[PDB]
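So this first bit is one chain, no partners, the form deposited in one PDB entry, shown in structure tokens.
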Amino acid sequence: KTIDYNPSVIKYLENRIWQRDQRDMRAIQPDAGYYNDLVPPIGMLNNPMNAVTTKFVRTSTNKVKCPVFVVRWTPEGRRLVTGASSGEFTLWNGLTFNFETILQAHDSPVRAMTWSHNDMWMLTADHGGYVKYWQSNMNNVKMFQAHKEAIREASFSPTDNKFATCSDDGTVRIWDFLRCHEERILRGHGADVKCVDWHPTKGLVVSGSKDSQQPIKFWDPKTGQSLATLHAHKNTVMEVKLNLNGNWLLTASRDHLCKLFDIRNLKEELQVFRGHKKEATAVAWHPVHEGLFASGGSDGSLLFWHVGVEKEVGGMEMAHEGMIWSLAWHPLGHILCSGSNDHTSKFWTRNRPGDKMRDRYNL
């Protein structure tokens, strides 16, 4: 059982020559016989409702049955490494998702996992406080200790030089890559910080919190001074994410809301994203469709959103079992993964043309 992206790219490269746009594109008709006309989401660049991935594929479960926290794709899209509570990296295949290999990276629940802007390095943190580097062949390279308490999220610069680890002691510590050197400490946050995203051009660091007085703090990695403070949510921002364009700040919290913010204009507020009947615990921006993102819930509500529409585009209420911790789109924006608070992890792809969506997830 497979979801192969090759017959869509080959169809896209053959349409590319005589299609100049999407207004020129021959329309896919809702039938089970037009299966060859699927193009990847580079092709239909507008109509981003394409990559609302509500067709189930496969539950990737382990034999050890541990609840997973971070799931990220290898940046060539080749395989899915998975960070579980036992510190095990279970590498899932990328097309026929059977199994590839299992590791035991950390001595703690893995809390953070990022790939670099090239395919070279992989930063992983854990619940003890240790930060390891990982080559693309999953070889353990130089480890150190970043915090004395549990690290929660890493992310880094528009180059491979300088990462930031946020932890449960309340400090966002900014690290050098090659020297493993703690460059500076960003204190004055109020309570434990649970998410950090680095800005893709300008060199900002945006932090979440549990503290209600200082919920979101902008930073500056060169000076170390807090640039500005955003008061956005009533309690406990779970994730903070940024686009690849760098204009927008997206923030999920425990007050059943997701909120957009223009980082050029903090005094006002962009639109809000309701509909999570329980807490909104995870956000993954879509890679090619700017403005559309999936969303996890603490009850299991997997929702899809778009910037401009007040209601959601459409997702899965009560359908993914457990609490969702992290999500990761494939480098082509066509398939999606979710990491449960259960011992499972499920893969979601786009709906086929002409099918009756009558299964247990849609209707």
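Residue numbers here begin at 1 and follow the sequence given.
This protein has a second form, the form solved in complex with a partner chain, left out of what is shown; the following refers to that one.
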property	result
Contact label in the entry with it bound: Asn137 to the partner chain, heavy atom within 4.5 Å	yes
Contact test in the entry with it bound: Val272 vs the partner chain, heavy atoms, 4.5 Å	no
Close approach of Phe89 to the partner chain in the entry with it bound, 4.5 Å, heavy atom	no
Residue contact check: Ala191 to the partner chain in the entry with it bound, 4.5 Å heavy atom	no
Stretch in contact, per heavy atom within 4.5 angstroms of the partner chain in the entry with it bound, of 176 to 184, 232 to 240, 274 to 282, 251 to 259	176 to 184
